[PDB]
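A single chain, nothing else alongside it, follows as structure tokens in the form deposited in one PDB entry.
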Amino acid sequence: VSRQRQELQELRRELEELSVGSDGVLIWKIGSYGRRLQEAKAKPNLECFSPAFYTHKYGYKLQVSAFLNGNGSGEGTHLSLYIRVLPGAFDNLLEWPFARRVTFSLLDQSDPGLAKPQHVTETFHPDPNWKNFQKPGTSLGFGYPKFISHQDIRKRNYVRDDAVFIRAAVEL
């Protein structure tokens, strides 16, 4: 029994090391949007987390997070989006502070052949003085409290089939 469980834990860890951006891109699907939005309205600062992902194979380990009902200046009125640098297996091989351009998008879920998608996008340029980007060891989220308002999110296909797509594109 102990062997089968240690085996499952080993495979789960292996799967997590396979979470890697595609040309620096992570697309995070937040399902059950309708329910999760009501949970966030009942509990201020309830945060959703993406799976951890490597920017590129043997790169930085990052994690996207979202407040469906918002946080800080966006609390109760906006979707808020953040990213964090996590301790990664290959940190000693990397340049510090983390200084890669990060592009956040909330995807417009429209068929591109029928209508041009109108994604909500913002490009983050890390400040080398912010502690957030320093080598882990030697949370620290960085992002936007007012990414998209509750009124604006209903104006395009940002929510479709009770799901939203958050895109984080890291310049490699």
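Residue positions are given as counts along the sequence shown, with the first one as 1. Residues that one form lacks are left out of the comparison. For the two forms, the rigid core is made up of the largest set of C-alpha atoms that agree within 1.5 Å on superposition.
Separately, the form deposited with a partner chain bound exists; it is not shown, and the next lines address it.
Contact check for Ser50: every heavy atom lies farther than 4.5 Å from its partner chain in the deposited bound form. Under a 4.5 angstroms non-hydrogen atom cutoff, its partner chain in the deposited bound form has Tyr144 among its neighbouring residues. When contacts are judged by a 4.5 Å heavy atom cut-off, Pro44 counts as touching its partner chain in the deposited bound form. A residue is said to contact a partner when one of its heavy atoms sits within 4.5 Å of a partner heavy atom; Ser105 fails this definition for its partner chain in the deposited bound form, lying far away. Once the core is superposed between this form and the one not shown, every option in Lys131, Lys43, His125, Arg35 stays below 2 Å in C-alpha shift except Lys131. Comparing the forms between this form and the one not shown on their core, residues 13-23, 127-132 form runs of at least three in a row where every Cα shifts 2 Å or more.
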